[PDB]
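Next up: just one chain, as structure tokens, the form deposited in one PDB entry.
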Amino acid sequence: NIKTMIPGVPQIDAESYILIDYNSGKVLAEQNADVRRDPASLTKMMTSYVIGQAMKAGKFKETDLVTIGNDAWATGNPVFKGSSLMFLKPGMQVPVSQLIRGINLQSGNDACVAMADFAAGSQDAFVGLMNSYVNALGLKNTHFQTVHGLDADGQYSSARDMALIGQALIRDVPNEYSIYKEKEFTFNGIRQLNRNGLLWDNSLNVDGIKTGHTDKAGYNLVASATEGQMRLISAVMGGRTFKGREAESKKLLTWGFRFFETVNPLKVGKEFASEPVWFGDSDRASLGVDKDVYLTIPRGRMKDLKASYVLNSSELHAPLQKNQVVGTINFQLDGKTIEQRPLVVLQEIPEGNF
């Protein structure tokens, strides 16, 4: 009863949310997680991903100077009215390091344009990259039209999709993600605070990601926090009150850490099982996984976890290719399969040569 309890989810004062484990991908809690909503400033998480991907690929460096053009002139474009801005002016020569901090820390809309032109030649081309990454990540309820998150009529995303963009940032572009925890940066003599207030919350280790508000979106937050071996991502969209701003997301994260833990029962290349092989240069196949196994389970239940396996075929016949799928690993709690992973050949077995 204690051992098999399903914990109640706290009431969250928002249109939609999701809570996921970063490593396992497991959804711990959700409500209206696939409803299409105005992303507001959360759009900039994708802007930052594209930039992070360009930098990973070596297209430019943080020390590189970007010359500011007219479309990134903050007080030259009334579209930027009442919005977060670096106050760039044409002709300024600003290091990439400073513009990506303008975007990540400050949500500078002008810095988004500046980087979009620098990275991709035009804002349309850059939005095209954002949308190509939407497809590659397999996001089903997301579409961008703008580089900064301006309520543009046909852009949308979802709590699920925004958490997934969060996970992609941490996983694919860790050097870009490491910027999000920085509490401040200085530009043009002026000190600028990271807008993510949760970074200052002593009770959690929040290191990301992005807050947002436009008048169609409500209050929006994608947060990520760690506690030991465990990283959670929350996405809360259409938060109703100014006071629930960080509080509602904190509720989900603290609940997640209290009731769940992440286990890593198996790593790539390590033997889980061995099976006889026929016609081979060796007599036995070493079997395991081609991707690290992470599971999210109820907290405490780690020592109750059982693993077993099944095989696709009665017999293993060489040649066996490395990472050839030959079965399925079952992870179980209380005698019930909770998670499955493909069982694969770890070391190639070509046909015998004598």
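So that the term is clear: the rigid core is the largest set of C-alpha atoms that superpose within 1.5 Å between two forms. Note that residue numbering follows the sequence shown and begins at 1.
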TODO: Would you determine, from the values in the PDB entry, which of 108-116 and 189-197 has the greater average C-alpha temperature factor?
DONE: 189-197
Task: 227-235 versus 213-221 - greater average Cα B-factor per the deposited record - done: 213-221
Task: Highest recorded Cα temperature factor - choice among 263, 130, 88, 162 - done: 88
Open item on the list: Sorting 254, 157, 123, 75 by Cα temperature factor from the record, which one lands on top?
Closed with: 75
- [ ] Can you work out whether the C-alpha temperature factor of residue 328 puts it in the lowest, middle or highest third of the chain?
- [x] lowest
Task: residue 342 CA temperature factor, ranked by third within the chain - done: middle
Open item on the list: Please place residue 322 in the lowest, middle or highest third of its chain according to the CA B-factor in the PDB entry.
Closed with: highest
- [ ] Could you tell me which third, lowest, middle or highest, the C-alpha B-factor of residue 301 occupies within its chain?
- [x] highest
- [ ] Would you mind checking where the Cα B-factor of residue 94 ranks among the modelled residues of its chain, as the lowest, middle or highest third?
- [x] middle
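Another form exists, deposited in another entry; not displayed. Remarks below refer to it.
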Open item on the list: Quick check on the comparison between this form and the one not shown: with the core aligned, only one of 188, 205, 241, 141 should show a Cα shift of at least 2 Å. Which one is it?
Closed with: 241
- [ ] Classify residue 327 as shifted (yes) or not shifted (no) between this form and the one not shown, where shifted means its C-alpha moves by 2 Å or more with the rigid core superposed.
- [x] yes
- [ ] Examine residue 286 after superposing the rigid core and state whether its CA is displaced by 2 Å or more between this form and the one not shown.
- [x] yes
Open item on the list: Aligning on the core only, does the CA of residue 56 end up 2 angstroms or more away between this form and the one not shown?
Closed with: no
